[PDB]
Structures are given as C-alpha cells and as structure tokens.
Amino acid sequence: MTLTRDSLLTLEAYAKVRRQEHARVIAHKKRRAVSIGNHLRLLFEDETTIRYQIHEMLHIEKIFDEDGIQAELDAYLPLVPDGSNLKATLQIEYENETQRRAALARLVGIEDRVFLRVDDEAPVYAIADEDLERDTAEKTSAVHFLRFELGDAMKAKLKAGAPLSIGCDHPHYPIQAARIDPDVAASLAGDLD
C-alpha cells in the first residue's frame, strides 16, 4: 500500500463507523505490538494502523478540505512500509510528569539504540525521526518514528518463519535481545516485498 485522499472516508462516513473501527483496530494491533522492558512500546505500522490514525486525526481536528487532508497523509507517510523496511512508532511511557521528565533526559538517544535481529543475521538498528529537521529531531519526545531496513537474506528468513528478536543497548535501558511472538513476526513478514 500507499494511501491517497481516495483511500480515506469522509468525516461523515468515518463518524458512522468510528466506534466499530476503534475495536477493529485494537484487535488488529495484537499482531503488531511489542513491549521492550517496562517503559518502551513499539507498534509496527501497516495500512490498518495508519489509515486509522489519519481518520482519527481528521475526525478530532474536523479536517475536510483537500490541502488539509493531504497534509495529514503526508505527515503520516513516514509510517508506511516500502518493501524493504519495517516501520514502528516507539512510545516511552512513565507514571508521572517528574518521572517522565527525568526519564526522557536520561534516555536521550534511545530511539537510535533499539535493534531487531532476524535469526542469526547481523542486528538492524532503527533509523529514527528522519521526518524531523535536525533541530526538531534533537528535542526529546515520548514518541519516535522508527525505520528498520532489512536485506535480502533477512527478508527470506523472516518470511520463512525464522525467529525475530528485539533489544536495546542504550546504557540506561539495557534489554537483552528477546524473541518476539511468532504471530507478530509473521504479520511483519507480510509488510516486506
């Protein structure tokens, strides 16, 4: 997939199905979500997850003009897998403002230290926040957009059902590479061409 303005429901048509969509997409995300320790969450993004977010943004902001719709499509384009990469939203979650505030400082650069490993191939580190200019990218955020680029040997093994593991080697958030749910890895394999 890519998505275009014609891929989207109007505000009226979405509002009619919104509650049903919240449930449909929650169910879908069971095949797309991974936790990394107690405070990091990754959602691997696909047509379903991205279309929903766009619908949600348009609904809440009440956006129905053509340039405004297009601007949300273009804002969410970073999440679209392209054939050779998995895309994920990383969220850092802490119980309170002071805790979160302290964590975000301590965890600076964590979005660059999350890695995947398909079977025994070389690990692949996320490339984060390429949609943000250098200065914006340097400001911390509880939310990052990640890209994991996979080569041919990794694509073959993943589609063949090999184990997929995720880790982090940030000094303040060391997570030993651990196998992802095979049902989730199977869903991810389908994103790749």
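Start at 1 with the first residue shown and count on from there.
*Asks:* Would you tell me which stretch averages the higher CA B-factor in the PDB entry, 137 to 145 or 123 to 131?
*Replies:* Higher mean C-alpha B-factor in the PDB entry: 137 to 145.
*Asks:* Would 20 to 28 or 174 to 182 have the larger average of its C-alpha temperature factors, as given in the entry?
*Replies:* Looking at the recorded C-alpha B-factors, 174 to 182 comes out higher on average.
*Asks:* Which of these, 116, 71, 105, 79, has its C-alpha atom at the highest B-factor, as the entry lists it?
*Replies:* Most elevated C-alpha B-factor of the set, per the entry: 105.
*Asks:* Can you tell me which third, lowest, middle or highest, the CA B-factor of residue 88 falls into for its chain?
*Replies:* Its C-alpha B-factor, which the entry lists for residue 88, ranks in the lowest third among residues of this chain.
*Asks:* Sorting by Cα B-factor within the chain, modelled residues only, which third would residue 56 end up in: lowest, middle or highest?
*Replies:* For residue 56, whose C-alpha B-factor we compare with every modelled residue in the chain, the answer is the lowest third.
*Asks:* For residue 188, does the deposited CA B-factor place it in the lowest, middle or highest third of the chain?
*Replies:* According to the entry, residue 188 has a C-alpha B-factor in the chain's lowest third.
*Asks:* Grab the CA temperature factor for residue 47 from the record and place it in the lowest, middle or highest third of its chain.
*Replies:* Answer is lowest: the recorded C-alpha B-factor places it there.
*Asks:* Would you mind ranking residue 153 by its C-alpha B-factor against the rest of the chain and naming the third, lowest, middle or highest?
*Replies:* Lowest third, going by the recorded CA B-factors of the chain.
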